[PDB]
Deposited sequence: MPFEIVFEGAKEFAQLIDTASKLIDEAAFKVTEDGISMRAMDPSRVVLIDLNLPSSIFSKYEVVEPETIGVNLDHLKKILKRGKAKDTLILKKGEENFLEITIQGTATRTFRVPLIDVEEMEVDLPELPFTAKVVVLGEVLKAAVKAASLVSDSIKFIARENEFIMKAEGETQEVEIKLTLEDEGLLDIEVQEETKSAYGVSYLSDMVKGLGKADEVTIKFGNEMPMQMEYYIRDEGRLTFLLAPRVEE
């Protein structure tokens, strides 16, 4: 059992939405340290990891740790009602359901039935930090000419390109012109990924959100987004 409170119901709903474009169900592990969730999309191309430390909650009381499985569509239908300044209360007793209360100009309580559903070294050579807007725009442009997008990172430079038989799309950003917030590379690094997957990954991101990307030659890419600084949503995407 536990009682967890988050200030900013709307922001919490947005996080859940952004973390679940690719999945239908997830097992949330609730412990004394925080809430965690790990899942693979249906195609087995992306790994999703969410970590929400007790530090981002206004009240965090866990009597006994638990792992609650839920249908995300059902959960999102409820969280969708939350307003910007609403308080979100998550409670679990002995009964097999999650009690969700949204408290704002009015207090509304809902119940979400619980379900079961069952649950390599990565030597990255490049790290780049960019605004969600960059990725959102890059993916849309790439999709005009290909189903895959190529990432290239060199000292102080980040390039995203896509091409077909005769068409091409290329976006070159630099630290100097501030298209990147930061960039660190050990050696020139190149890899390509499926546009469909990247689209679902950054769709829920805000234009001004900070995104950290790490990858390597012909390797998977790790994308991270932080919530309230301490929380983190991480995606690991297989290369194409």
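In sequence order, the gaps in C-alpha coverage of the deposited chain fall at 1, 121-125, 247-249.
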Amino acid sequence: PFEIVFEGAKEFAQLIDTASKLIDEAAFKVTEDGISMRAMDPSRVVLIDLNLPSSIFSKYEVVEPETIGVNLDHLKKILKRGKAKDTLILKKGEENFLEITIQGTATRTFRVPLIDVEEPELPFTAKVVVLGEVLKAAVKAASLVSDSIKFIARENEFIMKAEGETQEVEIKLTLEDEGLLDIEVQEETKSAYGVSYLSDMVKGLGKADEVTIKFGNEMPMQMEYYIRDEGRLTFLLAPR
From here on, numbers count along this sequence of modelled residues.
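Checked against the record, the higher mean CA B factor of 84-92 and 110-118 lies with 110-118. In this entry, 120-128 shows the higher mean Cα temperature factor of the pair 133-141 and 120-128.
Sorting 63, 192, 171, 46 by the CA temperature factor given in the entry leaves 63 at the top. The residue among 207, 38, 214, 59 whose C-alpha carries the highest B-factor in the deposited model is 207. Among the modelled residues of its chain, residue 34 has a C-alpha B-factor that falls in the middle third according to the deposited record. In this PDB entry, residue 185 carries a Cα temperature factor that places it within the highest third of its chain's modelled residues. In the deposited entry, the Cα temperature factor of residue 1 sits in the top third of values across the chain's modelled residues. Among the modelled residues of its chain, residue 52 has a C-alpha B-factor that falls in the lowest third, as given in the PDB entry. In this PDB entry, residue 198 carries a Cα temperature factor that places it within the lowest third of its chain's modelled residues.
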